Amino acid sequence: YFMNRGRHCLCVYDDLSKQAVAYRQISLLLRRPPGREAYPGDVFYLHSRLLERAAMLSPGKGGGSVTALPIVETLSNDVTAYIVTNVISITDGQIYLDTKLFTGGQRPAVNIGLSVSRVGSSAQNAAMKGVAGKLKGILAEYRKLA
Amino acid sequence: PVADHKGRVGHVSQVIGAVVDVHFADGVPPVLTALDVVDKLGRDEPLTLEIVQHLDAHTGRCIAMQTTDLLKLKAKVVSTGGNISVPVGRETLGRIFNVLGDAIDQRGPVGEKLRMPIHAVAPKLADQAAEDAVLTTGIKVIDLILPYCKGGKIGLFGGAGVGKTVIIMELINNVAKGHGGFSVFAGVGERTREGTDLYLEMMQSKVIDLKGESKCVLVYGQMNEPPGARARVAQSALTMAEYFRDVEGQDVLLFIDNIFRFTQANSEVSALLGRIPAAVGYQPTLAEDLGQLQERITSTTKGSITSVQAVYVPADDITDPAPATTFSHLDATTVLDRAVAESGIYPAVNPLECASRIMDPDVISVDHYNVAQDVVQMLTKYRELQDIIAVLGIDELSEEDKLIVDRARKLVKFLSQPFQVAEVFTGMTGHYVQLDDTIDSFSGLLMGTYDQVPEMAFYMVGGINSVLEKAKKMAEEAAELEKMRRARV
Ligand SMILES: Nc1ncnc2c1ncn2[C@@H]1O[C@H](COP(=O)(O)OP(=O)(O)OP(=O)(O)O)[C@@H](O)[C@H]1O
Ligand SMILES: [Mg+2]
C-alpha cells in the first residue's frame, strides 16, 4: 500500500522456514504429490513470487519501495538444505549468523566471509562509501594475514 | 445444556488397526466426539472411540483408546454427547488417572465437582504474561549456562539412557517437594515401573498424603498403552494443569515424560488414517499438533505453569523432525550428549548446544551473565583447539593455548555434579549448589586463582569448597605416597 503511493516500507518474515512446512502440510493433506523432503513440487515458486513483490519502483510510478528481510533457519550450519537453497537463490544477499561466532562472544555473529550484498556500495550513503571501501580492503588483508 | 447428538446410534463400518470408521444414519457427530461401543463382543474392558475425521455426511473416522480386539463390523456404537472429559479440582490431588480420567489407583471414588474436555483453545495474546524470574534448581550447569525461568517452558533433549529421567527426578526432588503450588506428572509412553517408583517416592515424602492433603496428580499412559491413549494422556494432564492455573490462580509444575512419544503416537495413528507421510515418515501435521499442544502450556495473567518436558532423540539424530520442531516451543533447552556421558561426566549437558531465554542482564544479575558468557567463550575456544589436539597433540600448541586448554578441562570437570537421586550409580552423596556459590566458584576459576589445584579435584563435586576439600585429600594421599617412596631408599 505504501509502495504504490511514493513511500518506503520494510517487510520482515519470521520465518519462511515454517511457512514452507505449513504449505507442505496443506499440499500433502489435499493429495498433492510429494517432492524433495516431502515438500510440494512448486515450493520454490511460493517464495519466488513472495519475494519478487519487494522492489524499488521507478520515478514514474512514485518511487516507493518494499524492503524484504526474510529469515531462514538451518540445522548445524547446513546451508545445503532444500528451502534454504531456494531462498538463497532468490534474495539479493544474505546475512549469515554463525553459531560458533555467537558462542565465541561475537554479537551480532555476522559471518562476513559467508555474507554478501549483491547491491554493493550503491546502497550506501556518500559518507559511508569511502569508509566502507577502505574498511573492506583492510579486513580482507587482516583475514588473509591472520 | 445437553448436546443435540447424545445417544446417536452408529454402526462400525471398517476396522484397521487402531482406526475404526463408524456410520451414523442421522449424521456423524462433531469431530473430537467420544463414542462408546455397546456390543459386548466378549471383551474384557470397555471400548471408546474419538472422532478425528469426517469421511462423508454420515461416516466418521475414529481412533480407539483401548485395544480393538474382538471388534466386528456392524457393532453398535453410541455417542456420549461430547468430547472426552476428565475430572478437575482438588479432588484429583493424590490420585492416579489414565487417558479417560478413570482412577487406576484402586482407591475410593474421585467424586469430582465437575469435568472438563481434554481439547480446549489455547490462551490468546491478551492473556499472555510478562513476568521473568529465575528458578534455582541446584545444578551448576543449568543454574549457570541455561538458567530456568519460573512459569517458562523447559526441555531436555537426549538419546536413550543418557540421563533425561535422572535429571527430571532431581528437578522434582529439588523443586516440587519444596513447592508452594501444585504439581502434575504426565507419563507419556514411558516405563510403567517408573510410574510406580515415582508414586512410592511421593508417598514416602508425604507429597501425596492419602490420609491428608496431597499436592500432586499423576496421569499415566505408558508404553503398553495403544497409540490412541498415548496421543491424549498429555491433553488430559494439561487440562488438569490448565484448571489449576485458571480456575484457582495457582502456580503449577507440569512434568511431561516423554513428549516425543506423543508425536510418535500421532504418527502411528496418521499412518493408518491414510495420510501421505512427511519426511522421515512422520505425519504431515507434525508441527500443527505440537503447536496446539504446547501453546496451551503457558503462563497467563491468571496463573503460572512451569513445564519441564523430556524430548527423546531417536538414534541420537538431533535433526529428526520431532525433536527439531520442539526447539521453537521452549524457553530453556538442555541438550544431552551420549559421548559426554561415556566420558564419566554427569549430567551429560552439552553447554554449547544449550540456550536460555533469561540469559539477559535485564533478568539475571550482571555478574551471572558475565560469568556465563566467559565460560561459554572458554568452552568454544577449547572445542576449537580440540580439533588440532586430537590430530597432532597437546605439545603442538602455543604457550597460552595450553593455559586455555587446562582451564577448559577444569571447567568441563567442574560442570559435573553428583545428584542426590543417582547416589546408587555414583556411589557418592549428592550435592545441592546454591546459585551464588556457583557464580562465585566459576568466576574465581576463570580468573585463574585455582591453577594450582589438580584437575581431578573438580570432578564430581559441589561448590568450590568441595573442590578445595577434595584437593586437600588428594594432596594428603600424594604426600603419603611420596613419604613411602622416600622411606624406601
Ligand atoms: N546424573 C547421573 N549421574 C549418574 N549416572 C547417571 C546420571 N544420569 C543418568 N545416569 C546413568 O544413566 C542411566 C540411564 O539414565 P535415565 O534413566 O535418565 O535415562 P533416560 O535419559 O531417561 O533414557 P531412556 O528413558 O530412553 O532409557 C542411569 O541408570 C544411570 O546409570
Ligand atoms: Mg527415561
# chains A, B, ... in the order shown; residues from 1 in each chain; ligands from 1
>>> residues_around(residues="residue 71 of chain A", least_positions_apart="5", cutoff="9 Å", atoms="only C-alpha atoms", output="ChimeraX atom specification")
/A:12-17
>>> residues_near_ligand(ligand="ligand 1", cutoff="7 Å", atoms="only C-alpha atoms and all ligand atoms", output="number ranges by chain")
B: 158-167, 312, 346-347, 418-419, 422, 425-426
>>> write_last_selection(atoms="N, CA, C and O atoms", output="short mmCIF file (atom, residue, chain, number, x, y, z; two decimals), in the first residue's frame")
data_model
loop_
_atom_site.label_atom_id
_atom_site.label_comp_id
_atom_site.auth_asym_id
_atom_site.auth_seq_id
_atom_site.Cartn_x
_atom_site.Cartn_y
_atom_site.Cartn_z
N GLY B 158 17.54 -35.67 24.57
CA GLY B 158 18.57 -36.68 24.75
C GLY B 158 18.19 -38.00 24.12
O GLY B 158 17.02 -38.26 23.84
N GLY B 159 19.21 -38.83 23.90
CA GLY B 159 19.03 -40.14 23.33
C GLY B 159 18.47 -41.13 24.33
O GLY B 159 17.71 -40.78 25.24
N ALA B 160 18.86 -42.39 24.16
CA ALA B 160 18.39 -43.46 25.02
C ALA B 160 19.39 -43.69 26.15
O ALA B 160 20.57 -43.91 25.91
N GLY B 161 18.89 -43.62 27.39
CA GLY B 161 19.75 -43.85 28.54
C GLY B 161 20.86 -42.84 28.70
O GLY B 161 21.99 -43.21 29.03
N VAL B 162 20.56 -41.56 28.48
CA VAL B 162 21.57 -40.51 28.57
C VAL B 162 21.46 -39.82 29.92
O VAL B 162 22.46 -39.31 30.45
N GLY B 163 20.26 -39.79 30.50
CA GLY B 163 20.07 -39.17 31.80
C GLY B 163 18.87 -38.25 31.88
O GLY B 163 18.74 -37.49 32.85
N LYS B 164 17.99 -38.29 30.89
CA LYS B 164 16.82 -37.42 30.91
C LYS B 164 15.97 -37.67 32.15
O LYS B 164 15.58 -36.73 32.85
N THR B 165 15.68 -38.94 32.44
CA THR B 165 14.83 -39.26 33.58
C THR B 165 15.49 -38.88 34.90
O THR B 165 14.83 -38.38 35.81
N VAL B 166 16.80 -39.09 35.01
CA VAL B 166 17.50 -38.77 36.25
C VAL B 166 17.43 -37.27 36.52
O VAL B 166 17.21 -36.84 37.66
N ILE B 167 17.61 -36.45 35.48
CA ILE B 167 17.53 -35.00 35.66
C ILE B 167 16.13 -34.60 36.08
O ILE B 167 15.94 -33.71 36.92
N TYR B 312 12.83 -37.17 23.56
CA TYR B 312 13.65 -38.29 23.14
C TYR B 312 14.12 -38.06 21.71
O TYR B 312 13.32 -37.69 20.84
N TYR B 346 28.54 -36.45 34.36
CA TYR B 346 27.10 -36.45 34.58
C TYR B 346 26.74 -35.20 35.38
O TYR B 346 27.38 -34.92 36.40
N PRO B 347 25.72 -34.43 34.96
CA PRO B 347 24.88 -34.65 33.78
C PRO B 347 25.64 -34.44 32.47
O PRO B 347 26.66 -33.75 32.45
N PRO B 418 27.35 -34.69 41.40
CA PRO B 418 26.61 -35.88 41.81
C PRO B 418 25.21 -35.51 42.29
O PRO B 418 25.05 -34.67 43.18
N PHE B 419 24.20 -36.15 41.71
CA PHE B 419 22.82 -35.88 42.09
C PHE B 419 22.43 -36.72 43.30
O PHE B 419 22.93 -37.83 43.51
N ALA B 422 21.04 -40.07 42.15
CA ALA B 422 21.93 -41.01 41.49
C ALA B 422 23.02 -41.54 42.42
O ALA B 422 24.07 -41.97 41.96
N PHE B 425 24.23 -45.04 41.51
CA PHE B 425 25.11 -45.14 40.35
C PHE B 425 26.44 -44.44 40.60
O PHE B 425 27.49 -44.93 40.19
N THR B 426 26.40 -43.28 41.26
CA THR B 426 27.63 -42.54 41.53
C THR B 426 28.33 -43.03 42.79
O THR B 426 29.55 -42.88 42.92
#
>>> closest_residue(among="B:88, B:184, B:237, B:324", to="chain A", atoms="only C-alpha atoms")
B:324
>>> interface_residues(of="chain A", to="chain B", cutoff="8 Å", atoms="only C-alpha atoms", output="list in words")
residues 21, 24, 25, 28, 29, 31, 37, 38, 39, 75, 100, 103, 104 and 105 of chain A
>>> select_by_dssp(residues="segment 259-347 of chain B", states="alpha helix (DSSP H)", output="PyMOL selection string")
chain B and resi 260-273+286-296+321-326+338-342
>>> residues_around(residues="residue 464 of chain B", least_positions_apart="3", cutoff="9 Å", atoms="only C-alpha atoms", output="list in words")
residues 437, 438, 440, 441, 442, 444, 445, 458, 461, 467, 468 and 469 of chain B
>>> write_last_selection(atoms="N, CA, C and O atoms", output="PDB file, in the first residue's frame")
ATOM      1  N   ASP B 437      26.876 -19.463  45.036  1.00  0.00           N
ATOM      2  CA  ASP B 437      28.106 -20.238  45.159  1.00  0.00           C
ATOM      3  C   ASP B 437      28.639 -20.641  43.792  1.00  0.00           C
ATOM      4  O   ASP B 437      29.847 -20.568  43.540  1.00  0.00           O
ATOM      5  N   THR B 438      27.752 -21.072  42.892  1.00  0.00           N
ATOM      6  CA  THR B 438      28.183 -21.456  41.552  1.00  0.00           C
ATOM      7  C   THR B 438      28.824 -20.278  40.829  1.00  0.00           C
ATOM      8  O   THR B 438      29.893 -20.413  40.223  1.00  0.00           O
ATOM      9  N   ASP B 440      30.213 -17.552  42.086  1.00  0.00           N
ATOM     10  CA  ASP B 440      31.486 -17.198  42.703  1.00  0.00           C
ATOM     11  C   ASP B 440      32.576 -18.198  42.336  1.00  0.00           C
ATOM     12  O   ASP B 440      33.699 -17.806  41.997  1.00  0.00           O
ATOM     13  N   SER B 441      32.263 -19.494  42.397  1.00  0.00           N
ATOM     14  CA  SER B 441      33.269 -20.508  42.100  1.00  0.00           C
ATOM     15  C   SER B 441      33.738 -20.418  40.654  1.00  0.00           C
ATOM     16  O   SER B 441      34.943 -20.481  40.379  1.00  0.00           O
ATOM     17  N   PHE B 442      32.803 -20.270  39.714  1.00  0.00           N
ATOM     18  CA  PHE B 442      33.183 -20.193  38.307  1.00  0.00           C
ATOM     19  C   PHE B 442      33.940 -18.907  38.007  1.00  0.00           C
ATOM     20  O   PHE B 442      34.897 -18.913  37.224  1.00  0.00           O
ATOM     21  N   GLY B 444      35.869 -17.274  40.108  1.00  0.00           N
ATOM     22  CA  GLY B 444      37.214 -17.481  40.619  1.00  0.00           C
ATOM     23  C   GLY B 444      38.041 -18.383  39.724  1.00  0.00           C
ATOM     24  O   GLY B 444      39.216 -18.110  39.466  1.00  0.00           O
ATOM     25  N   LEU B 445      37.438 -19.467  39.231  1.00  0.00           N
ATOM     26  CA  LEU B 445      38.168 -20.389  38.368  1.00  0.00           C
ATOM     27  C   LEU B 445      38.605 -19.703  37.078  1.00  0.00           C
ATOM     28  O   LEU B 445      39.715 -19.937  36.588  1.00  0.00           O
ATOM     29  N   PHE B 458      38.182 -31.066  40.631  1.00  0.00           N
ATOM     30  CA  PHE B 458      36.908 -30.500  40.207  1.00  0.00           C
ATOM     31  C   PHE B 458      35.900 -31.557  39.780  1.00  0.00           C
ATOM     32  O   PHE B 458      34.733 -31.218  39.552  1.00  0.00           O
ATOM     33  N   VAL B 461      32.006 -32.962  42.246  1.00  0.00           N
ATOM     34  CA  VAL B 461      31.969 -32.223  43.499  1.00  0.00           C
ATOM     35  C   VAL B 461      30.886 -31.155  43.394  1.00  0.00           C
ATOM     36  O   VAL B 461      30.244 -30.988  42.353  1.00  0.00           O
ATOM     37  N   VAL B 467      35.640 -28.605  46.112  1.00  0.00           N
ATOM     38  CA  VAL B 467      36.834 -28.754  45.284  1.00  0.00           C
ATOM     39  C   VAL B 467      38.087 -28.663  46.145  1.00  0.00           C
ATOM     40  O   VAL B 467      39.010 -29.475  46.020  1.00  0.00           O
ATOM     41  N   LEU B 468      38.134 -27.669  47.035  1.00  0.00           N
ATOM     42  CA  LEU B 468      39.311 -27.489  47.879  1.00  0.00           C
ATOM     43  C   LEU B 468      39.482 -28.654  48.845  1.00  0.00           C
ATOM     44  O   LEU B 468      40.609 -29.101  49.093  1.00  0.00           O
ATOM     45  N   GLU B 469      38.381 -29.160  49.403  1.00  0.00           N
ATOM     46  CA  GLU B 469      38.476 -30.300  50.308  1.00  0.00           C
ATOM     47  C   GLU B 469      38.989 -31.537  49.582  1.00  0.00           C
ATOM     48  O   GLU B 469      39.844 -32.262  50.103  1.00  0.00           O
TER      49      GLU B 469
END
>>> select_by_dssp(residues="chain A", states="strand (DSSP E)", output="number ranges by chain")
A: 8-13, 65-70, 93-94, 116-117
>>> closest_residue(among="A:7, A:145, A:50, A:2", to="residue 19 of chain A", atoms="only C-alpha atoms")
A:50
>>> residues_around(residues="residue 240 of chain B", least_positions_apart="6", cutoff="9 Å", atoms="only C-alpha atoms", output="PyMOL selection string")
chain B and resi 86-89+92+116+118+184+217
>>> closest_residue(among="B:199, B:459, B:157, B:450", to="ligand 2", atoms="only C-alpha atoms and all ligand atoms")
B:157
>>> residues_around(residues="residue 59 of chain B", least_positions_apart="4", cutoff="6 Å", atoms="only C-alpha atoms", output="PDB file with N, CA, C and O atoms, in the first residue's frame")
ATOM      1  N   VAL B  22     -17.062 -45.305  11.746  1.00  0.00           N
ATOM      2  CA  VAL B  22     -18.416 -45.511  12.245  1.00  0.00           C
ATOM      3  C   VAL B  22     -19.394 -44.764  11.349  1.00  0.00           C
ATOM      4  O   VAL B  22     -19.166 -43.603  10.993  1.00  0.00           O
ATOM      5  N   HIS B  23     -20.487 -45.434  10.994  1.00  0.00           N
ATOM      6  CA  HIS B  23     -21.530 -44.883  10.141  1.00  0.00           C
ATOM      7  C   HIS B  23     -22.740 -44.532  10.994  1.00  0.00           C
ATOM      8  O   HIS B  23     -23.258 -45.390  11.717  1.00  0.00           O
ATOM      9  N   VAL B  28     -23.032 -37.915  11.218  1.00  0.00           N
ATOM     10  CA  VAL B  28     -21.854 -38.111  12.072  1.00  0.00           C
ATOM     11  C   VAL B  28     -21.801 -37.002  13.116  1.00  0.00           C
ATOM     12  O   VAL B  28     -22.013 -35.825  12.771  1.00  0.00           O
ATOM     13  N   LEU B  55     -15.474 -38.637   6.972  1.00  0.00           N
ATOM     14  CA  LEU B  55     -15.330 -39.160   5.619  1.00  0.00           C
ATOM     15  C   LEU B  55     -16.444 -38.661   4.709  1.00  0.00           C
ATOM     16  O   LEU B  55     -16.210 -38.386   3.527  1.00  0.00           O
TER      17      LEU B  55
END
>>> residues_around(residues="residue 53 of chain A", least_positions_apart="3", cutoff="10 Å", atoms="only C-alpha atoms", output="list in words")
residues 48, 49, 50, 56, 65, 66, 67 and 68 of chain A
>>> write_last_selection(atoms="N, CA, C and O atoms", output="mmCIF file, in the first residue's frame")
data_model
loop_
_atom_site.group_PDB
_atom_site.id
_atom_site.type_symbol
_atom_site.label_atom_id
_atom_site.label_comp_id
_atom_site.auth_asym_id
_atom_site.auth_seq_id
_atom_site.Cartn_x
_atom_site.Cartn_y
_atom_site.Cartn_z
ATOM 1 N N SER A 48 9.450 -17.578 -4.407
ATOM 2 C CA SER A 48 9.898 -16.776 -5.540
ATOM 3 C C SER A 48 8.910 -15.660 -5.852
ATOM 4 O O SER A 48 9.310 -14.514 -6.086
ATOM 5 N N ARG A 49 7.612 -15.971 -5.858
ATOM 6 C CA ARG A 49 6.604 -14.944 -6.083
ATOM 7 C C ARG A 49 6.340 -14.105 -4.840
ATOM 8 O O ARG A 49 5.831 -12.986 -4.962
ATOM 9 N N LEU A 50 6.671 -14.616 -3.654
ATOM 10 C CA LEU A 50 6.555 -13.812 -2.442
ATOM 11 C C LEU A 50 7.585 -12.689 -2.428
ATOM 12 O O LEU A 50 7.259 -11.537 -2.117
ATOM 13 N N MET A 56 11.863 -1.643 -6.001
ATOM 14 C CA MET A 56 12.077 -0.200 -5.926
ATOM 15 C C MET A 56 11.439 0.403 -7.173
ATOM 16 O O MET A 56 12.020 0.356 -8.261
ATOM 17 N N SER A 65 8.995 1.842 -2.325
ATOM 18 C CA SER A 65 9.724 0.582 -2.314
ATOM 19 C C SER A 65 9.279 -0.265 -1.134
ATOM 20 O O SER A 65 8.695 0.231 -0.166
ATOM 21 N N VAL A 66 9.567 -1.560 -1.234
ATOM 22 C CA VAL A 66 9.409 -2.505 -0.137
ATOM 23 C C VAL A 66 10.724 -3.251 0.019
ATOM 24 O O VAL A 66 11.247 -3.805 -0.955
ATOM 25 N N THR A 67 11.258 -3.263 1.235
ATOM 26 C CA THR A 67 12.482 -3.985 1.549
ATOM 27 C C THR A 67 12.121 -5.246 2.318
ATOM 28 O O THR A 67 11.397 -5.181 3.317
ATOM 29 N N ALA A 68 12.618 -6.387 1.850
ATOM 30 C CA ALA A 68 12.296 -7.673 2.451
ATOM 31 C C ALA A 68 13.480 -8.185 3.258
ATOM 32 O O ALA A 68 14.627 -8.124 2.804
#
>>> residues_around(residues="segment 96-100 of chain B", least_positions_apart="6", cutoff="6 Å", atoms="only C-alpha atoms", output="MDAnalysis selection string")
chainID B and resid 218:220 229 233
>>> closest_residue(among="B:183, B:449, B:466, B:365", to="residue 95 of chain B", atoms="only C-alpha atoms")
B:183
